[PDB]
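**Student:** To be precise about what I am sending: the file is called final_29.pdb and holds PDB, N, CA, C and O atoms and all ligand atoms.
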ATOM      1  N   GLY U 589    -135.581-107.190  14.696
ATOM      2  CA  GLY U 589    -136.935-107.519  15.095
ATOM      3  C   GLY U 589    -137.933-106.436  14.737
ATOM      4  O   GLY U 589    -137.608-105.508  13.994
ATOM      5  N   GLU U 590    -139.151-106.558  15.277
ATOM      6  CA  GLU U 590    -140.204-105.599  14.961
ATOM      7  C   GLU U 590    -139.763-104.181  15.289
ATOM      8  O   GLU U 590    -139.959-103.257  14.490
ATOM      9  N   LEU U 591    -139.150-103.989  16.456
ATOM     10  CA  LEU U 591    -138.851-102.631  16.890
ATOM     11  C   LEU U 591    -137.812-101.973  15.988
ATOM     12  O   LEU U 591    -137.961-100.808  15.608
ATOM     13  N   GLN U 592    -136.776-102.703  15.605
ATOM     14  CA  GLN U 592    -135.754-102.196  14.663
ATOM     15  C   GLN U 592    -136.423-101.876  13.331
ATOM     16  O   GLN U 592    -136.079-100.881  12.733
ATOM     17  N   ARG U 593    -137.317-102.742  12.872
ATOM     18  CA  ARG U 593    -137.982-102.518  11.579
ATOM     19  C   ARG U 593    -138.824-101.250  11.677
ATOM     20  O   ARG U 593    -138.854-100.514  10.730
ATOM     21  N   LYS U 594    -139.508-101.061  12.798
ATOM     22  CA  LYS U 594    -140.371 -99.896  12.957
ATOM     23  C   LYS U 594    -139.564 -98.603  12.953
ATOM     24  O   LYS U 594    -139.950 -97.628  12.295
ATOM     25  N   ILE U 595    -138.440 -98.572  13.673
ATOM     26  CA  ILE U 595    -137.628 -97.358  13.706
ATOM     27  C   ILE U 595    -137.125 -97.037  12.311
ATOM     28  O   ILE U 595    -137.184 -95.875  11.866
ATOM     29  N   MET U 596    -136.669 -98.064  11.584
ATOM     30  CA  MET U 596    -136.192 -97.864  10.225
ATOM     31  C   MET U 596    -137.302 -97.307   9.349
ATOM     32  O   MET U 596    -137.087 -96.359   8.594
ATOM     33  N   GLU U 597    -138.497 -97.874   9.444
ATOM     34  CA  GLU U 597    -139.648 -97.412   8.636
ATOM     35  C   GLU U 597    -139.890 -95.934   8.927
ATOM     36  O   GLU U 597    -140.068 -95.197   8.008
ATOM     37  N   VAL U 598    -139.863 -95.517  10.186
ATOM     38  CA  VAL U 598    -140.146 -94.121  10.498
ATOM     39  C   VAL U 598    -139.100 -93.230   9.867
ATOM     40  O   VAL U 598    -139.424 -92.216   9.231
ATOM     41  N   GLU U 599    -137.823 -93.587  10.061
ATOM     42  CA  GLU U 599    -136.716 -92.779   9.562
ATOM     43  C   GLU U 599    -136.751 -92.662   8.043
ATOM     44  O   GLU U 599    -136.471 -91.588   7.490
ATOM     45  N   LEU U 600    -137.131 -93.737   7.343
ATOM     46  CA  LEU U 600    -137.159 -93.704   5.883
ATOM     47  C   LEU U 600    -138.382 -93.001   5.310
ATOM     48  O   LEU U 600    -138.371 -92.630   4.128
ATOM     49  N   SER U 601    -139.430 -92.822   6.106
ATOM     50  CA  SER U 601    -140.694 -92.256   5.667
ATOM     51  C   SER U 601    -140.744 -90.737   5.781
ATOM     52  O   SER U 601    -141.686 -90.112   5.268
ATOM     53  N   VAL U 602    -139.804 -90.119   6.491
ATOM     54  CA  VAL U 602    -139.851 -88.681   6.724
ATOM     55  C   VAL U 602    -138.501 -88.086   6.359
ATOM     56  O   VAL U 602    -137.500 -88.298   7.065
ATOM     57  N   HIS U 603    -138.480 -87.277   5.307
ATOM     58  CA  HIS U 603    -137.249 -86.617   4.911
ATOM     59  C   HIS U 603    -136.691 -85.774   6.053
ATOM     60  O   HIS U 603    -137.421 -85.028   6.714
ATOM     61  N   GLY U 604    -135.387 -85.904   6.280
ATOM     62  CA  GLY U 604    -134.662 -85.088   7.238
ATOM     63  C   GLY U 604    -134.569 -85.623   8.647
ATOM     64  O   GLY U 604    -133.824 -85.050   9.440
ATOM     65  N   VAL U 605    -135.292 -86.691   8.982
ATOM     66  CA  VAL U 605    -135.369 -87.177  10.354
ATOM     67  C   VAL U 605    -134.133 -88.000  10.682
ATOM     68  O   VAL U 605    -133.681 -88.877   9.944
ATOM     69  N   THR U 606    -133.604 -87.790  11.886
ATOM     70  CA  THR U 606    -132.494 -88.594  12.383
ATOM     71  C   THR U 606    -132.990 -89.881  13.052
ATOM     72  O   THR U 606    -134.163 -90.017  13.407
ATOM     73  N   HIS U 607    -132.065 -90.834  13.237
ATOM     74  CA  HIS U 607    -132.396 -92.053  13.972
ATOM     75  C   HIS U 607    -132.885 -91.737  15.382
ATOM     76  O   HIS U 607    -133.832 -92.354  15.879
ATOM     77  N   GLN U 608    -132.246 -90.766  16.036
ATOM     78  CA  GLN U 608    -132.666 -90.364  17.374
ATOM     79  C   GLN U 608    -134.081 -89.796  17.359
ATOM     80  O   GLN U 608    -134.905 -90.129  18.219
ATOM     81  N   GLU U 609    -134.382 -88.920  16.393
ATOM     82  CA  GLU U 609    -135.730 -88.352  16.337
ATOM     83  C   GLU U 609    -136.776 -89.434  16.076
ATOM     84  O   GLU U 609    -137.864 -89.412  16.675
ATOM     85  N   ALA U 610    -136.444 -90.412  15.226
ATOM     86  CA  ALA U 610    -137.354 -91.515  14.952
ATOM     87  C   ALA U 610    -137.634 -92.308  16.212
ATOM     88  O   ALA U 610    -138.793 -92.648  16.488
ATOM     89  N   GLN U 611    -136.586 -92.629  16.982
ATOM     90  CA  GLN U 611    -136.774 -93.391  18.217
ATOM     91  C   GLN U 611    -137.609 -92.622  19.219
ATOM     92  O   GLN U 611    -138.492 -93.192  19.872
ATOM     93  N   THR U 612    -137.307 -91.332  19.402
ATOM     94  CA  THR U 612    -138.089 -90.530  20.329
ATOM     95  C   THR U 612    -139.554 -90.479  19.916
ATOM     96  O   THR U 612    -140.449 -90.630  20.764
ATOM     97  N   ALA U 613    -139.818 -90.285  18.629
ATOM     98  CA  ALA U 613    -141.194 -90.189  18.158
ATOM     99  C   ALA U 613    -141.924 -91.511  18.343
ATOM    100  O   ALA U 613    -143.095 -91.526  18.747
ATOM    101  N   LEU U 614    -141.241 -92.615  18.078
ATOM    102  CA  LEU U 614    -141.922 -93.852  18.249
ATOM    103  C   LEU U 614    -142.105 -94.251  19.680
ATOM    104  O   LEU U 614    -143.112 -94.865  20.013
ATOM    105  N   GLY U 615    -141.194 -93.843  20.558
ATOM    106  CA  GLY U 615    -141.441 -94.055  21.972
ATOM    107  C   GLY U 615    -142.660 -93.285  22.454
ATOM    108  O   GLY U 615    -143.482 -93.805  23.212
ATOM    109  N   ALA U 616    -142.849 -92.069  21.948
ATOM    110  CA  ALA U 616    -143.979 -91.266  22.376
ATOM    111  C   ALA U 616    -145.308 -91.825  21.903
ATOM    112  O   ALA U 616    -146.348 -91.502  22.496
ATOM    113  N   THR U 617    -145.312 -92.617  20.839
ATOM    114  CA  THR U 617    -146.553 -93.210  20.349
ATOM    115  C   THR U 617    -146.672 -94.678  20.744
ATOM    116  O   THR U 617    -147.584 -95.364  20.265
ATOM    117  N   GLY U 618    -145.794 -95.175  21.609
ATOM    118  CA  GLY U 618    -145.879 -96.572  22.004
ATOM    119  C   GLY U 618    -145.670 -97.529  20.859
ATOM    120  O   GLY U 618    -146.308 -98.594  20.814
ATOM    121  N   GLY U 619    -144.819 -97.164  19.904
ATOM    122  CA  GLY U 619    -144.525 -98.067  18.828
ATOM    123  C   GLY U 619    -145.497 -98.002  17.676
ATOM    124  O   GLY U 619    -145.469 -98.890  16.823
ATOM    125  N   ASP U 620    -146.412 -97.031  17.671
ATOM    126  CA  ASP U 620    -147.367 -96.825  16.572
ATOM    127  C   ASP U 620    -146.631 -96.062  15.466
ATOM    128  O   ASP U 620    -146.381 -94.849  15.573
ATOM    129  N   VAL U 621    -146.234 -96.787  14.418
ATOM    130  CA  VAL U 621    -145.423 -96.218  13.342
ATOM    131  C   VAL U 621    -146.149 -95.099  12.628
ATOM    132  O   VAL U 621    -145.576 -94.047  12.360
ATOM    133  N   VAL U 622    -147.434 -95.297  12.325
ATOM    134  CA  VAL U 622    -148.192 -94.317  11.557
ATOM    135  C   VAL U 622    -148.309 -92.999  12.308
ATOM    136  O   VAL U 622    -148.137 -91.923  11.730
ATOM    137  N   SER U 623    -148.547 -93.061  13.618
ATOM    138  CA  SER U 623    -148.644 -91.818  14.376
ATOM    139  C   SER U 623    -147.287 -91.141  14.512
ATOM    140  O   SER U 623    -147.203 -89.901  14.467
ATOM    141  N   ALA U 624    -146.217 -91.926  14.679
ATOM    142  CA  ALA U 624    -144.878 -91.335  14.755
ATOM    143  C   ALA U 624    -144.536 -90.603  13.465
ATOM    144  O   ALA U 624    -144.020 -89.480  13.506
ATOM    145  N   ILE U 625    -144.839 -91.211  12.312
ATOM    146  CA  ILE U 625    -144.579 -90.587  11.007
ATOM    147  C   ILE U 625    -145.367 -89.295  10.862
ATOM    148  O   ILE U 625    -144.807 -88.255  10.479
ATOM    149  N   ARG U 626    -146.658 -89.323  11.234
ATOM    150  CA  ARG U 626    -147.473 -88.115  11.186
ATOM    151  C   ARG U 626    -146.853 -87.000  12.025
ATOM    152  O   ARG U 626    -146.697 -85.859  11.563
ATOM    153  N   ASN U 627    -146.501 -87.310  13.270
ATOM    154  CA  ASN U 627    -145.992 -86.261  14.135
ATOM    155  C   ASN U 627    -144.677 -85.728  13.616
ATOM    156  O   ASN U 627    -144.428 -84.515  13.679
ATOM    157  N   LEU U 628    -143.832 -86.597  13.066
ATOM    158  CA  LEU U 628    -142.554 -86.119  12.539
ATOM    159  C   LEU U 628    -142.722 -85.293  11.277
ATOM    160  O   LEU U 628    -141.955 -84.345  11.041
ATOM    161  N   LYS U 629    -143.680 -85.667  10.424
ATOM    162  CA  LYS U 629    -143.908 -84.850   9.241
ATOM    163  C   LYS U 629    -144.358 -83.451   9.639
ATOM    164  O   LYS U 629    -143.899 -82.451   9.065
ATOM    165  N   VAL U 630    -145.262 -83.358  10.623
ATOM    166  CA  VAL U 630    -145.710 -82.045  11.073
ATOM    167  C   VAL U 630    -144.539 -81.262  11.637
ATOM    168  O   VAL U 630    -144.363 -80.065  11.361
ATOM    169  N   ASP U 631    -143.754 -81.934  12.467
ATOM    170  CA  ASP U 631    -142.537 -81.282  13.008
ATOM    171  C   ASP U 631    -141.605 -80.729  11.914
ATOM    172  O   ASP U 631    -141.062 -79.619  12.013
ATOM    173  N   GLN U 632    -141.321 -81.565  10.917
ATOM    174  CA  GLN U 632    -140.420 -81.117   9.857
ATOM    175  C   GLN U 632    -141.001 -79.916   9.125
ATOM    176  O   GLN U 632    -140.288 -78.958   8.811
ATOM    177  N   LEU U 633    -142.290 -79.966   8.803
ATOM    178  CA  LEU U 633    -142.888 -78.860   8.065
ATOM    179  C   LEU U 633    -142.945 -77.604   8.930
ATOM    180  O   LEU U 633    -142.740 -76.483   8.438
ATOM    181  N   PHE U 634    -143.251 -77.774  10.217
ATOM    182  CA  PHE U 634    -143.273 -76.663  11.160
ATOM    183  C   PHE U 634    -141.922 -75.958  11.205
ATOM    184  O   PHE U 634    -141.847 -74.726  11.113
ATOM    185  N   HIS U 635    -140.838 -76.727  11.269
ATOM    186  CA  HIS U 635    -139.512 -76.114  11.329
ATOM    187  C   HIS U 635    -139.117 -75.501  10.002
ATOM    188  O   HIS U 635    -138.363 -74.521   9.973
ATOM    189  N   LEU U 636    -139.630 -76.031   8.898
ATOM    190  CA  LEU U 636    -139.298 -75.464   7.600
ATOM    191  C   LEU U 636    -140.082 -74.190   7.331
ATOM    192  O   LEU U 636    -139.544 -73.233   6.758
ATOM    193  N   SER U 637    -141.331 -74.131   7.781
ATOM    194  CA  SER U 637    -142.268 -73.027   7.462
ATOM    195  C   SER U 637    -142.307 -71.969   8.558
ATOM    196  O   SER U 637    -142.883 -70.920   8.304
ATOM    197  N   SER U 638    -141.800 -72.276   9.740
ATOM    198  CA  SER U 638    -141.826 -71.385  10.932
ATOM    199  C   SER U 638    -143.222 -70.815  11.223
ATOM    200  O   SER U 638    -143.270 -69.713  11.789
ATOM    201  N   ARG U 639    -144.243 -71.584  10.871
ATOM    202  CA  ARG U 639    -145.630 -71.243  11.089
ATOM    203  C   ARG U 639    -146.005 -71.736  12.488
ATOM    204  O   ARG U 639    -145.110 -71.931  13.318
ATOM    205  N   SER U 640    -147.291 -71.916  12.788
ATOM    206  CA  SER U 640    -147.717 -72.611  13.995
ATOM    207  C   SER U 640    -147.774 -74.108  13.710
ATOM    208  O   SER U 640    -147.876 -74.524  12.556
ATOM    209  N   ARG U 641    -147.683 -74.932  14.763
ATOM    210  CA  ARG U 641    -147.691 -76.385  14.499
ATOM    211  C   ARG U 641    -149.040 -76.774  13.903
ATOM    212  O   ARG U 641    -149.051 -77.684  13.131
ATOM    213  N   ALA U 642    -150.127 -76.134  14.319
ATOM    214  CA  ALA U 642    -151.472 -76.454  13.816
ATOM    215  C   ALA U 642    -151.566 -75.989  12.372
ATOM    216  O   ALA U 642    -152.246 -76.636  11.619
ATOM    217  N   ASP U 643    -150.934 -74.875  12.016
ATOM    218  CA  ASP U 643    -150.949 -74.459  10.620
ATOM    219  C   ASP U 643    -150.121 -75.402   9.756
ATOM    220  O   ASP U 643    -150.492 -75.669   8.608
ATOM    221  N   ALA U 644    -149.003 -75.926  10.284
ATOM    222  CA  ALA U 644    -148.261 -76.930   9.547
ATOM    223  C   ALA U 644    -149.113 -78.174   9.331
ATOM    224  O   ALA U 644    -149.110 -78.765   8.245
ATOM    225  N   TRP U 645    -149.838 -78.606  10.336
ATOM    226  CA  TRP U 645    -150.737 -79.771  10.192
ATOM    227  C   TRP U 645    -151.752 -79.499   9.079
ATOM    228  O   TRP U 645    -152.001 -80.374   8.306
ATOM    229  N   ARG U 646    -152.328 -78.308   9.062
ATOM    230  CA  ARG U 646    -153.375 -77.962   8.073
ATOM    231  C   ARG U 646    -152.788 -77.962   6.657
ATOM    232  O   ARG U 646    -153.476 -78.365   5.746
ATOM    233  N   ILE U 647    -151.569 -77.478   6.502
ATOM    234  CA  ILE U 647    -150.907 -77.469   5.173
ATOM    235  C   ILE U 647    -150.653 -78.919   4.743
ATOM    236  O   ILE U 647    -150.891 -79.238   3.604
ATOM    237  N   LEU U 648    -150.169 -79.745   5.654
ATOM    238  CA  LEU U 648    -149.908 -81.167   5.340
ATOM    239  C   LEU U 648    -151.223 -81.823   4.915
ATOM    240  O   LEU U 648    -151.210 -82.495   3.923
ATOM    241  N   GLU U 649    -152.319 -81.578   5.629
ATOM    242  CA  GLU U 649    -153.605 -82.130   5.220
ATOM    243  C   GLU U 649    -153.989 -81.674   3.816
ATOM    244  O   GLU U 649    -154.459 -82.473   2.996
ATOM    245  N   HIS U 650    -153.813 -80.384   3.526
ATOM    246  CA  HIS U 650    -154.181 -79.864   2.215
ATOM    247  C   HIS U 650    -153.413 -80.549   1.105
ATOM    248  O   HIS U 650    -153.945 -80.740   0.005
ATOM    249  N   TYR U 651    -152.164 -80.901   1.369
ATOM    250  CA  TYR U 651    -151.309 -81.614   0.425
ATOM    251  C   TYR U 651    -151.429 -83.122   0.547
ATOM    252  O   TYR U 651    -150.555 -83.858   0.077
ATOM    253  N   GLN U 652    -152.499 -83.597   1.161
ATOM    254  CA  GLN U 652    -152.803 -85.035   1.204
ATOM    255  C   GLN U 652    -151.656 -85.829   1.822
ATOM    256  O   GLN U 652    -151.346 -86.946   1.409
ATOM    257  N   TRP U 653    -151.034 -85.234   2.848
ATOM    258  CA  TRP U 653    -150.048 -85.858   3.718
ATOM    259  C   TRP U 653    -148.717 -86.050   3.017
ATOM    260  O   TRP U 653    -147.860 -86.791   3.502
ATOM    261  N   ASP U 654    -148.524 -85.378   1.894
ATOM    262  CA  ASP U 654    -147.274 -85.462   1.130
ATOM    263  C   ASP U 654    -146.347 -84.369   1.635
ATOM    264  O   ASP U 654    -146.526 -83.191   1.311
ATOM    265  N   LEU U 655    -145.348 -84.760   2.427
ATOM    266  CA  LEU U 655    -144.443 -83.772   3.001
ATOM    267  C   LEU U 655    -143.635 -83.037   1.932
ATOM    268  O   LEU U 655    -143.363 -81.833   2.078
ATOM    269  N   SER U 656    -143.227 -83.739   0.873
ATOM    270  CA  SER U 656    -142.470 -83.082  -0.187
ATOM    271  C   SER U 656    -143.292 -81.971  -0.824
ATOM    272  O   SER U 656    -142.806 -80.850  -1.008
ATOM    273  N   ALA U 657    -144.550 -82.263  -1.154
ATOM    274  CA  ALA U 657    -145.398 -81.262  -1.788
ATOM    275  C   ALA U 657    -145.693 -80.106  -0.841
ATOM    276  O   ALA U 657    -145.668 -78.940  -1.255
ATOM    277  N   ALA U 658    -145.976 -80.404   0.435
ATOM    278  CA  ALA U 658    -146.216 -79.334   1.397
ATOM    279  C   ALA U 658    -144.969 -78.477   1.587
ATOM    280  O   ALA U 658    -145.065 -77.245   1.721
ATOM    281  N   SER U 659    -143.785 -79.114   1.609
ATOM    282  CA  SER U 659    -142.546 -78.368   1.810
ATOM    283  C   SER U 659    -142.260 -77.469   0.613
ATOM    284  O   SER U 659    -141.826 -76.323   0.772
ATOM    285  N   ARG U 660    -142.471 -77.968  -0.605
ATOM    286  CA  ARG U 660    -142.260 -77.130  -1.779
ATOM    287  C   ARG U 660    -143.227 -75.953  -1.796
ATOM    288  O   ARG U 660    -142.862 -74.855  -2.235
ATOM    289  N   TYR U 661    -144.448 -76.154  -1.295
ATOM    290  CA  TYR U 661    -145.394 -75.051  -1.169
ATOM    291  C   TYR U 661    -144.893 -73.989  -0.195
ATOM    292  O   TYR U 661    -144.872 -72.801  -0.529
ATOM    293  N   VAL U 662    -144.477 -74.384   1.009
ATOM    294  CA  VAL U 662    -144.083 -73.352   1.975
ATOM    295  C   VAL U 662    -142.819 -72.627   1.535
ATOM    296  O   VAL U 662    -142.591 -71.481   1.932
ATOM    297  N   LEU U 663    -141.979 -73.262   0.727
ATOM    298  CA  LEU U 663    -140.771 -72.593   0.279
ATOM    299  C   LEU U 663    -140.983 -71.720  -0.950
ATOM    300  O   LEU U 663    -140.121 -70.897  -1.256
ATOM    301  N   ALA U 664    -142.115 -71.844  -1.633
ATOM    302  CA  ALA U 664    -142.344 -71.062  -2.841
ATOM    303  C   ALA U 664    -142.509 -69.585  -2.505
ATOM    304  O   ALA U 664    -143.191 -69.222  -1.542
ATOM    305  N   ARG U 665    -141.883 -68.734  -3.312
ATOM    306  CA  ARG U 665    -142.025 -67.291  -3.155
ATOM    307  C   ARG U 665    -143.126 -66.812  -4.105
ATOM    308  O   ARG U 665    -143.162 -67.233  -5.267
TER     309      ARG U 665
HETATM  310 CL    CL U 701    -148.815 -88.936   7.564
HETATM  311 CL    CL U 702    -145.421 -76.452  -7.887
HETATM  312 MG    MG U 703    -129.155 -95.822  18.981
END
Can the structure from this file be put into structure tokens for me?
**Tutor:**
Amino acid sequence: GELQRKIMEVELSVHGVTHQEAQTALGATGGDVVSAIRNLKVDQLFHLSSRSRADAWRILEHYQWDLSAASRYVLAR
């Protein structure tokens, strides 16, 4: 149904996210897939960059919400 489809969409939209993390994120947004994906992308980048969560958000914005591009940026030496 809708809820299964939504959890799958979240999990497939964010590299590295588990099914459990997708469910938790979507529960926190009341089933709003777009907000769950945003929050999970920030989370993933935050854990990869060990920056502040607001700085991870700012990097994601600079990369036009592309987590792959933002992640390659934070990992570049
Ligand atoms: Cl996003
Ligand atoms: Cl590059
Ligand atoms: Mg389960």
**Student:** If you count only C-alpha atoms, which residues fall within 12 Å of residue U:644, apart from same-chain ones fewer than 3 positions away, as a list in words?
**Tutor:** residues 626, 627, 628, 629, 630, 631, 632, 633, 634, 635, 636, 637, 638, 639, 640, 641, 647, 648, 649, 650, 651, 653, 655, 658, 659, 661 and 662 of chain U
**Student:** Looking at all atoms listed in the file, which of U:604, U:613, U:646, U:596 is the one that sits closest to residue U:625?
**Tutor:**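 Comparing U:604, U:613, U:646, U:596 against residue U:625, the winner is U:613.
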**Student:** So how far away is atom CA of residue U:654 from atom CA of residue U:618, in Å?
**Tutor:**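 Straight-line distance from atom CA of residue U:618 to atom CA of residue U:654 works out to 23.7 Å.
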**Student:** Find the residue from U:593, U:642, U:606, U:601 that sits nearest to residue U:619; use only C-alpha atoms when measuring.
**Tutor:**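 Looking only at the distances to residue U:619, the closest residue turns out to be U:593.
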**Student:** What is the distance, in Å and to one decimal place, between atom N of residue U:664 and atom C of residue U:603?
**Tutor:**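 Separation between atom N of residue U:664 and atom C of residue U:603: 16.8 Å.
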**Student:** One decimal, in Å: what's the spacing between atom O of residue U:612 and atom CA of residue U:600?
**Tutor:**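 Separating atom O of residue U:612 from atom CA of residue U:600 is a distance of 15.5 Å.
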**Student:** Please identify the residues whose atoms come within 9 Å of ligand MG 703 (chain U), using only C-alpha atoms and all ligand atoms, and report them as a ChimeraX atom specification.
**Tutor:** /U:607-608,611
**Student:** Write a file for stretch 601-623 of chain U of the given structure; include N, CA, C and O atoms and format it as a JSON list (two decimals), in the first residue's frame.
**Tutor:**
[["chain", "number", "residue", "atom", "x", "y", "z"],
["U", 601, "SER", "N", 16.04, 6.48, -1.95],
["U", 601, "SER", "CA", 16.41, 7.84, -2.29],
["U", 601, "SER", "C", 17.64, 8.34, -1.53],
["U", 601, "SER", "O", 18.17, 9.41, -1.86],
["U", 602, "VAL", "N", 18.07, 7.64, -0.49],
["U", 602, "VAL", "CA", 19.17, 8.11, 0.34],
["U", 602, "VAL", "C", 20.18, 6.98, 0.48],
["U", 602, "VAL", "O", 19.93, 5.98, 1.17],
["U", 603, "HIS", "N", 21.36, 7.18, -0.09],
["U", 603, "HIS", "CA", 22.42, 6.18, 0.04],
["U", 603, "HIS", "C", 22.74, 5.92, 1.50],
["U", 603, "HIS", "O", 22.89, 6.85, 2.30],
["U", 604, "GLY", "N", 22.85, 4.64, 1.85],
["U", 604, "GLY", "CA", 23.29, 4.21, 3.17],
["U", 604, "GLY", "C", 22.20, 4.00, 4.20],
["U", 604, "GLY", "O", 22.51, 3.47, 5.26],
["U", 605, "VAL", "N", 20.96, 4.39, 3.92],
["U", 605, "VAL", "CA", 19.89, 4.35, 4.91],
["U", 605, "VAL", "C", 19.35, 2.93, 5.03],
["U", 605, "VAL", "O", 19.06, 2.23, 4.07],
["U", 606, "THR", "N", 19.10, 2.52, 6.27],
["U", 606, "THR", "CA", 18.47, 1.23, 6.54],
["U", 606, "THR", "C", 16.94, 1.35, 6.49],
["U", 606, "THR", "O", 16.37, 2.44, 6.56],
["U", 607, "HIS", "N", 16.27, 0.19, 6.38],
["U", 607, "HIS", "CA", 14.81, 0.16, 6.45],
["U", 607, "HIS", "C", 14.31, 0.76, 7.76],
["U", 607, "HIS", "O", 13.32, 1.49, 7.79],
["U", 608, "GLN", "N", 14.99, 0.45, 8.87],
["U", 608, "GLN", "CA", 14.61, 1.00, 10.16],
["U", 608, "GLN", "C", 14.75, 2.51, 10.18],
["U", 608, "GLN", "O", 13.86, 3.22, 10.67],
["U", 609, "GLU", "N", 15.86, 3.04, 9.65],
["U", 609, "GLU", "CA", 16.04, 4.49, 9.64],
["U", 609, "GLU", "C", 14.98, 5.17, 8.78],
["U", 609, "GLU", "O", 14.45, 6.23, 9.15],
["U", 610, "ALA", "N", 14.62, 4.54, 7.65],
["U", 610, "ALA", "CA", 13.58, 5.08, 6.78],
["U", 610, "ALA", "C", 12.25, 5.15, 7.51],
["U", 610, "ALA", "O", 11.55, 6.16, 7.43],
["U", 611, "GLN", "N", 11.89, 4.07, 8.22],
["U", 611, "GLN", "CA", 10.62, 4.06, 8.95],
["U", 611, "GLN", "C", 10.60, 5.10, 10.05],
["U", 611, "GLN", "O", 9.60, 5.80, 10.24],
["U", 612, "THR", "N", 11.69, 5.20, 10.82],
["U", 612, "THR", "CA", 11.75, 6.20, 11.87],
["U", 612, "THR", "C", 11.62, 7.61, 11.30],
["U", 612, "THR", "O", 10.88, 8.44, 11.84],
["U", 613, "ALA", "N", 12.31, 7.89, 10.20],
["U", 613, "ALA", "CA", 12.27, 9.22, 9.61],
["U", 613, "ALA", "C", 10.88, 9.53, 9.08],
["U", 613, "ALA", "O", 10.39, 10.66, 9.25],
["U", 614, "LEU", "N", 10.23, 8.55, 8.47],
["U", 614, "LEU", "CA", 8.93, 8.84, 7.98],
["U", 614, "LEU", "C", 7.88, 8.93, 9.05],
["U", 614, "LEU", "O", 6.95, 9.72, 8.92],
["U", 615, "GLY", "N", 8.05, 8.20, 10.14],
["U", 615, "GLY", "CA", 7.16, 8.41, 11.27],
["U", 615, "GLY", "C", 7.28, 9.81, 11.84],
["U", 615, "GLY", "O", 6.29, 10.46, 12.16],
["U", 616, "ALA", "N", 8.51, 10.34, 11.89],
["U", 616, "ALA", "CA", 8.71, 11.66, 12.45],
["U", 616, "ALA", "C", 8.12, 12.76, 11.58],
["U", 616, "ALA", "O", 7.86, 13.86, 12.08],
["U", 617, "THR", "N", 7.94, 12.51, 10.29],
["U", 617, "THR", "CA", 7.35, 13.51, 9.40],
["U", 617, "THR", "C", 5.89, 13.20, 9.09],
["U", 617, "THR", "O", 5.30, 13.86, 8.23],
["U", 618, "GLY", "N", 5.28, 12.24, 9.78],
["U", 618, "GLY", "CA", 3.89, 11.92, 9.51],
["U", 618, "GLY", "C", 3.66, 11.41, 8.11],
["U", 618, "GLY", "O", 2.61, 11.71, 7.50],
["U", 619, "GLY", "N", 4.62, 10.68, 7.55],
["U", 619, "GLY", "CA", 4.42, 10.11, 6.25],
["U", 619, "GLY", "C", 4.77, 11.03, 5.11],
["U", 619, "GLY", "O", 4.42, 10.72, 3.97],
["U", 620, "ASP", "N", 5.37, 12.19, 5.38],
["U", 620, "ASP", "CA", 5.82, 13.14, 4.35],
["U", 620, "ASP", "C", 7.16, 12.63, 3.82],
["U", 620, "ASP", "O", 8.21, 12.75, 4.48],
["U", 621, "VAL", "N", 7.13, 12.02, 2.63],
["U", 621, "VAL", "CA", 8.31, 11.38, 2.05],
["U", 621, "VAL", "C", 9.41, 12.39, 1.80],
["U", 621, "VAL", "O", 10.57, 12.14, 2.11],
["U", 622, "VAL", "N", 9.06, 13.55, 1.24],
["U", 622, "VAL", "CA", 10.06, 14.54, 0.87],
["U", 622, "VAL", "C", 10.81, 15.06, 2.09],
["U", 622, "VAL", "O", 12.03, 15.20, 2.08],
["U", 623, "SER", "N", 10.09, 15.30, 3.19],
["U", 623, "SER", "CA", 10.77, 15.77, 4.39],
["U", 623, "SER", "C", 11.63, 14.68, 5.02],
["U", 623, "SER", "O", 12.72, 14.96, 5.53]]
